[PDB]
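Visitor: For reference, the structure I am asking about is given below.
Readers should treat all values here as calculations from the given coordinates under stated rules, not as data from a laboratory. Here the Cβ positions follow ideal geometry from the backbone for every residue, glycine too, while neighbour counts run over all protein chains shown.
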Amino acid sequence: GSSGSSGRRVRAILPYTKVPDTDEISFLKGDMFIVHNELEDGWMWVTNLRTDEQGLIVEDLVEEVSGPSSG
């Protein structure tokens, strides 16, 4: 266990179409996730809270969940 991040939270602003014959996962707009590992080429090993599965999503199809406003 080395120095890193705790766990960034993001949300799918739009529905994606996982790739056929791969680990990728299909999510829907509104579905949250949990950033566990930060990959390269714009990718991260997160886990959908709805499907409760792990996969590879792009940081371009998600948004950062942070702010003063509640919720």
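Visitor: Between a residue in the stretch 1-20 that is closer than 17 Å to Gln54 by Cα and without any contact (Cβ under 8 Å) to a residue 24 or more places away in the chain and any residue that is surrounded by 11 or more Cβ atoms within 10 Å (Cβ to Cβ) and charged (D, E, K, R), which pairs come within a Cβ distance under 7 Å, given they are 6 or more apart or on different chains?
Guide: Correct list of pairs: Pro15/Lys29.
Visitor: I've got another one for you. Could you identify the single residue in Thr47, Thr51, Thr22 that is under 11 Å from the mean Cα position of the chain (by Cα) and of a type in the set (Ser, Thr, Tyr)?
Guide: Unique residue meeting the criteria: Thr47.
Visitor: Another question about this same structure. Any residue in the stretch 31-49 that is assigned to a strand (DSSP E or B) and β-branched (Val, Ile, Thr)? Walk me through how you get there before you give the answer.
Guide: Of the stretch 31-49, the ones assigned to a strand (DSSP E or B) are 32, 37-38, 44-47.
Still in the list and also β-branched (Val, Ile, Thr): 46-47.
Yes.
Visitor: Say whether the condition of being surrounded by 12 or more Cβ atoms within 10 Å (Cβ to Cβ) and either touching a helix residue (DSSP H, G or I) at 6+ places or on another chain (Cβ under 9 Å) or among the polar types (S, T, N, Q) (or both) is met by at least one residue in the stretch 57-71.
Guide: Among the residues of the stretch 57-71, not one is surrounded by 12 or more Cβ atoms within 10 Å (Cβ to Cβ) and either touching a helix residue (DSSP H, G or I) at 6+ places or on another chain (Cβ under 9 Å) or among the polar types (S, T, N, Q) (or both), which makes the answer no.
Visitor: Every residue in the stretch 21-30 that is touching a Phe, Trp or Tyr at 6+ places or on another chain (Cβ under 7 Å) and either in a strand (DSSP E or B) or surrounded by 15 or more Cβ atoms within 10 Å (Cβ to Cβ) (or both), please. Even if it seems obvious, please write down each step before you answer.
Guide: Pass one, the stretch 21-30, residues touching a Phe, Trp or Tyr at 6+ places or on another chain (Cβ under 7 Å): 26-27.
Listed by number, the list holds a single entry, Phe27.
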